[PDB]
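**Q**
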Amino acid sequence: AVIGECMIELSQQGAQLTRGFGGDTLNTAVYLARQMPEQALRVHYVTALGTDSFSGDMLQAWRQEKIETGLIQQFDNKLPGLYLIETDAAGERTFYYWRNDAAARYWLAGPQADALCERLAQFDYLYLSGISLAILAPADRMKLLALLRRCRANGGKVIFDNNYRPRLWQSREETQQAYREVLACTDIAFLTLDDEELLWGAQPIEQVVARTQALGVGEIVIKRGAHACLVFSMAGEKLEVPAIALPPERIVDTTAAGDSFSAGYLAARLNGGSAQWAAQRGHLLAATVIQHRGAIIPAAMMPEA
Amino acid sequence: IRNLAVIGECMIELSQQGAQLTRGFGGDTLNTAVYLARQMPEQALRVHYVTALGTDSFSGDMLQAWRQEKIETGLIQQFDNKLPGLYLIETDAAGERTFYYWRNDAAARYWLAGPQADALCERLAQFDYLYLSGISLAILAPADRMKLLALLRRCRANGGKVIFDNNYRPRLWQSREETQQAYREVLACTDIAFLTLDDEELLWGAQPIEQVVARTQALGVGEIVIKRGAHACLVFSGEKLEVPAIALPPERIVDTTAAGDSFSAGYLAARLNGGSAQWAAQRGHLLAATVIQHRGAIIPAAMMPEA
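Respectively, the protein sequence lines represent chains A and B. Per the deposited numbering, the very first residue in the first sequence carries number 7; after that it's consecutive. When you line the second sequence up against the deposited numbering, it's residues 3 to 239, 242 to 311, in that order.
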């Protein structure tokens, strides 16, 4: 289960702009589903959307991506969040967001939530990002943490990605408390080095691993972009897996690289692959994604798994 | 009787917290030169600073302080009409620091445009060690920049060793491509290169940990030192050494300024005194830690570490 939020995405180049959908948790869920045939549990997305046409378009696209919509609550009064991407003459990307009252924020506020909680309590594996925690209000955040703990009690494994966007959080300290809270309830953590250092300050890799493990995390994955990835295993293995080198000519606009790595590593890792091999799979997926336009690149250009 | 010369520019520094403002001087090359002279015995090594200043009072204050810092000013030319560059530092409520610069017509920019430049070139051509940063190249006009590159090659030909730090501030350069080509030109003449990973990646784009070394070694640099801030430093030459930085609790971090400059200075002071690359990296880490645990770009002489 991927807990999180998708948004309506508007891409404007010059005077021509187009409509679509995008979100970090959705990028991970779609990319995971793309390379995954089947496994112990295949339920993917736990967002909330509106009853409007745009939500239905998103849901149909997600079903075409082999994503179940069973747990997506629909609010008549609420409407989905919307963001815009702008590209300057140089090609730089600027992002604007309108998600303060998005439907996904109230997914734990729904009347049916308790039912889904119990259902989600028995789920095999759940994935969430720092954005997912951020959008939730503090009371809703406590509810989500309790559900995560119950999922641990029923044998479930929690996956957390530390996508850190300061805007969503009231303060740095609030982010620190919430991150510690979820990592306390977390079993596997995907940590991007830039986000980690931005949140806690620059530190050696060892103090980072110590801080996260003291909370109780079993497996720690550190993403370093173009630099070698760092995996600390469930057993205790410590390995450094290089990313595939890419010439500057082929580097193109890609806002989904890290999410794609989270999905690709996880797709191989949950399919019996080794940690080194899963990191390799994620690196190839990320490189292919960074060579093509768009957050969700076409299925044709995807790496054959 | 070893002579080492640091080419660059110093600036008038104003530190403002609220309505309270103070005056001083600061620069990357000057910070490195000051720390070098501090950690270098006078007889063993002679640190000199190569810049241009005005005839003004602020220039005199800088010169008096530098003489008090045991740095010879023999090659510091003085321009009557020109004035030193000036920058201002602002302190946020949270402690974030913001920098504003006024150095477009600074005196130091024209140090190679003076009639004496050619003469000085000859004098510097025979120097034992020469140190410059990317900022030093940036301020210089292209003709003077070419002159400096030629001087670096002359110093190498007469047995001198050139040291280059990649301090990258894009504003001084007209374009990214100009920066890349000038950096390559100087890197051809470089013997020891200090590369900050953030500056390197900003200038050239994100690249694998190895590809930076591939580019630099293909240029012809013998010893490559890569600084990664709180992360382990990396020294190249096929020998590969990884020397960790000293760990610091968050409370002790008070000012991250001049950290890299101090690291370059401490590494060079240990390195040129018969020390090994690993030992020099440890020394640079210690000096940089002391610098970041105290406020200000140039920390007081009292708090310096015992050598």
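In this text, a Cβ means the ideal position worked out from N, Cα and C, and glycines have one as well.
Beta carbon of residue 227 of chain B, beta carbon of residue 289 of chain B: below 8 Å?
**A** In the second sequence, residue 227 of chain B corresponds to position 225, counting from 1. In the second sequence, residue 289 of chain B corresponds to position 285, counting from 1. No, Cβ-Cβ distance for residue 227 of chain B and residue 289 of chain B is not below 8 Å.
**Q** Closer than 7 Å by beta-carbon distance: list the chain A residues that pair up with residue 50 of chain B, in chain order.
**A** On the second sequence, residue 50 of chain B is found 48 positions in, with the first residue counted as 1. Result: empty, since nearest Cβ-Cβ is about 34 Å, beyond 7 Å.
**Q** What residues from the stretch 221–233 of chain A come within 8 Å of chain B, judged by C-beta to C-beta, listed N to C?
**A** 231, 232 and 233
**Q** Going along the chain, which residues of its own chain have a beta-carbon closer than 6 Å to the beta-carbon of residue 165 of chain B, five neighbours each way excluded?
**A** Numbered from 1 along the second sequence, position 163 holds the residue referred to as residue 165 of chain B. Cβ within range, chain order: 133 and 194.
**Q** Between which two residues does the beta strand (DSSP E) harbouring residue 167 of chain B extend?
**A** Reading the second sequence from its first residue, position 165 is the one you call residue 167 of chain B. Here the beta strand (DSSP E) through residue 167 of chain B covers 163–167.
**Q** Under three-state DSSP, which class holds residue 56 of chain A?
**A** As a position in the first sequence, residue 56 of chain A is number 50, starting the count at 1. DSSP places residue 56 of chain A in the strand class (E or B) of the three-state scheme.
**Q** Give me the Cα-Cα distance between residue 61 of chain A and residue 123 of chain A, rounded to the nearest whole angstrom.
**A** In the first sequence, residue 61 of chain A corresponds to position 55, counting from 1. In the first sequence, residue 123 of chain A corresponds to position 117, counting from 1. So the alpha carbons of these two residues sit roughly 22 Å apart.
**Q** Just to make sure I have the definition right: I need the residues of chain A whose C-beta is within less than 9 Å of the C-beta of residue 207 of chain B. Which are they?
**A** The residue labelled residue 207 of chain B in the question sits at position 205 within the second sequence. Within chain A, the residues near residue 207 of chain B are 232, 254 and 257.
**Q** I'd like to know whether the C-beta atoms of residue 23 of chain B and residue 32 of chain B end up nearer to each other than 8 Å.
**A** Indexing the second sequence from 1 puts residue 23 of chain B at position 21. Indexing the second sequence from 1 puts residue 32 of chain B at position 30. The answer is no: Cβ separation not under 8 Å.
**Q** Under 8 Å, do residue 283 of chain B and residue 274 of chain B count as touching if we go by C-beta distance?
**A** Within the second sequence, residue 283 of chain B is the residue found at index 279, counting from 1. Within the second sequence, residue 274 of chain B is the residue found at index 270, counting from 1. The answer is yes: Cβ separation under 8 Å.
**Q** Tell me whether residue 188 of chain A sits in a helix, a strand or coil according to DSSP, three-state version.
**A** The residue you call residue 188 of chain A lines up with position 182 of the first sequence. Note: residue 188 of chain A maps to helix in three-state DSSP.
**Q** For the candidate residues A/138, A/210, A/258 and A/265, whose alpha-carbon lies nearest to that of residue 54 of chain A?
**A** In the first sequence, counting from the first residue as 1, residue 54 of chain A sits at position 48. Minimum Cα distance to residue 54 of chain A is reached at A/138.
**Q** Measuring CB atoms only, is the stretch 125–132 of chain B touching the stretch 155–171 of chain B, in the sense that at least three cross pairs come out at less than 8 Å?
**A** yes
**Q** How would you write the range of the alpha helix (DSSP H) that residue 40 of chain A sits in, first residue to last?
**A** Counting from one through the first sequence, the residue named residue 40 of chain A turns up at place 34. Element bounds for residue 40 of chain A: 30–41.
**Q** List the endpoints of the continuous alpha helix (DSSP H) containing residue 170 of chain B.
**A** Translated into the one-based positions of the second sequence, residue 170 of chain B becomes position 168. Counting along the chain, residue 170 of chain B falls outside any alpha helix (DSSP H), and DSSP gives it neither H nor E.
**Q** With distance defined between alpha-carbon atoms, name the residue in B/281, B/285, B/266 and B/258 nearest to residue 98 of chain B.
**A** By one-based count along the second sequence, residue 98 of chain B stands at place 96. For the residues B/281, B/285, B/266 and B/258, the minimum Cα distance to residue 98 of chain B belongs to B/258.
**Q** Under a Cβ-count criterion, where at least 16 other Cβ atoms within 10 Å of its own Cβ denotes burial, should residue 182 of chain B be classed as buried or exposed?
**A** What you label residue 182 of chain B is simply residue 180 of the second sequence in a count that begins at 1. The residue is exposed, with fewer than 16 neighbouring Cβ atoms inside 10 Å.
**Q** Could you check if residue 37 of chain B is buried or exposed, using at least 16 other CB atoms within 10 Å of its CB as the buried criterion?
**A** For the purposes of this step, residue 37 of chain B is taken as the residue at position 35 of the second sequence. The C-beta of residue 37 of chain B has 16 or more other C-beta atoms within 10 Å across all chains shown, which makes the residue buried.
**Q** Does any residue of chain B have a CB that is nearer than 8 Å to the CB of residue 219 of chain A?
**A** Taking the first residue of the first sequence as position 1, residue 219 of chain A is located at position 213. Not an interface residue.
**Q** What do you reckon, are the CB atoms on residue 49 of chain A and residue 9 of chain A nearer than 8 Å?
**A** Counting from one through the first sequence, the residue named residue 49 of chain A turns up at place 43. Counting from one through the first sequence, the residue named residue 9 of chain A turns up at place 3. At a Cβ-Cβ threshold of 8 Å, residue 49 of chain A and residue 9 of chain A do not count as neighbours.
**Q** Just to check my reading of the structure: residue 262 of chain B and residue 302 of chain B have Cβ atoms closer than 8 Å, yes? What is that Cβ distance to the nearest angstrom?
**A** Working through the second sequence from its first residue, we reach residue 262 of chain B at position 258. Working through the second sequence from its first residue, we reach residue 302 of chain B at position 298. Going by Cβ atoms, the distance from residue 262 of chain B to residue 302 of chain B rounds to 7 Å, so yes, they are a contact pair.
**Q** Would you grab the beta carbon distance between residue 26 of chain B and residue 12 of chain B for me? Rounded to a whole angstrom, and I think it's under 8 Å.
**A** On the second sequence, position 24 is the one that residue 26 of chain B refers to. On the second sequence, position 10 is the one that residue 12 of chain B refers to. No, residue 26 of chain B and residue 12 of chain B are not in contact; Cβ-Cβ is about 10 Å, not under 8 Å.
**Q** From the beta carbon of residue 273 of chain A, is the nearest beta carbon of chain B less than 8 Å away?
**A** Mapped onto the first sequence, residue 273 of chain A falls at position 267. For residue 273 of chain A, the answer is no, since every Cβ of chain B falls outside 8 Å of its Cβ.
**Q** Who pairs with residue 88 of chain A in a beta bridge, going by DSSP?
**A** As a first step, residue 88 of chain A must be located in the first sequence, where it is residue number 82. In the DSSP output, where bridge partners are listed per residue, residue 88 of chain A has A/14 and A/104.
**Q** Considering only the beta carbon of each residue, do residue 168 of chain B and residue 197 of chain B sit closer than 8 Å?
**A** Walking along the second sequence from the start, residue 168 of chain B turns up at place 166. Walking along the second sequence from the start, residue 197 of chain B turns up at place 195. In contact: residue 168 of chain B and residue 197 of chain B (Cβ atoms closer than 8 Å).
**Q** Would you call the CB atoms of residue 119 of chain A and residue 84 of chain A closer than 8 Å?
**A** The sequence position of residue 119 of chain A within the first sequence is 113, counting from 1. The sequence position of residue 84 of chain A within the first sequence is 78, counting from 1. Not closer than 8 Å, so no.
**Q** Going along chain B in order, which residues have a C-beta closer than 8 Å to the C-beta of residue 183 of chain A?
**A** The residue given as residue 183 of chain A occupies position 177 in the first sequence. What residue 183 of chain A touches in chain B: nothing, since even the nearest Cβ is about 16 Å away.
**Q** Measuring only between beta-carbons, confirm whether residue 213 of chain A sits less than 8 Å from chain B.
**A** For this step, residue 213 of chain A is matched to residue 207 along the first sequence. Closer than 8 Å to some Cβ of chain B, the Cβ of residue 213 of chain A qualifies, so yes.
**Q** Suppose contacts are defined by Cβ-Cβ distances below 8 Å. Is residue 56 of chain B in contact with residue 18 of chain B by that definition?
**A** Within the second sequence, residue 56 of chain B is the residue found at index 54, counting from 1. Within the second sequence, residue 18 of chain B is the residue found at index 16, counting from 1. No, the Cβ-Cβ distance between residue 56 of chain B and residue 18 of chain B is not below 8 Å.
**Q** Answer yes or no: does any C-beta atom of chain A fall closer than 8 Å to that of residue 269 of chain B?
**A** Taking the first residue of the second sequence as position 1, residue 269 of chain B is located at position 265. Chain A contact via Cβ: absent.
**Q** With which residues is residue 3 of chain A paired in a DSSP beta bridge?
**A** Within the shown structure, residues of chain A are numbered from 7 to 311, placing residue 3 of chain A beyond reach of any answer.
**Q** Label residue 95 of chain A either buried or exposed according to how many other C-beta atoms from any shown protein chain fall within 10 Å of its C-beta, with 16 as the threshold for buried.
**A** Locating residue 95 of chain A in the first sequence gives position 89, where the first residue counts as 1. Residue 95 of chain A is exposed by the Cβ-count criterion.
**Q** Residue 172 of chain A CB to nearest chain B CB: under 8 Å?
**A** For this step, residue 172 of chain A is matched to residue 166 along the first sequence. Taking Cβ atoms only, chain B never reaches closer than 8 Å to residue 172 of chain A, which makes this a no.
**Q** Can you find the residues in the same chain that come closer than 7 Å, C-beta to C-beta, to residue 90 of chain A, ignoring five residues on each side of it along the sequence?
**A** Here residue 90 of chain A is taken as the residue at index 84 of the first sequence, counted from 1. For residue 90 of chain A, where only same-chain residues beyond five positions count, the Cβ hits under 7 Å are 16, 18 and 102.
**Q** Check whether chain B comes within 8 Å of residue 251 of chain A, counting only Cβ atoms and requiring the distance to be less than that.
**A** Sequence index remark: in the first sequence, residue 251 of chain A carries index 245 (1-based). Between residue 251 of chain A and chain B, the shortest Cβ-Cβ separation is below 8 Å.
**Q** Would you identify the three-state DSSP class for residue 272 of chain A, choosing helix, strand or coil?
**A** Sequence index remark: in the first sequence, residue 272 of chain A carries index 266 (1-based). Residue state, collapsed to three classes: helix.
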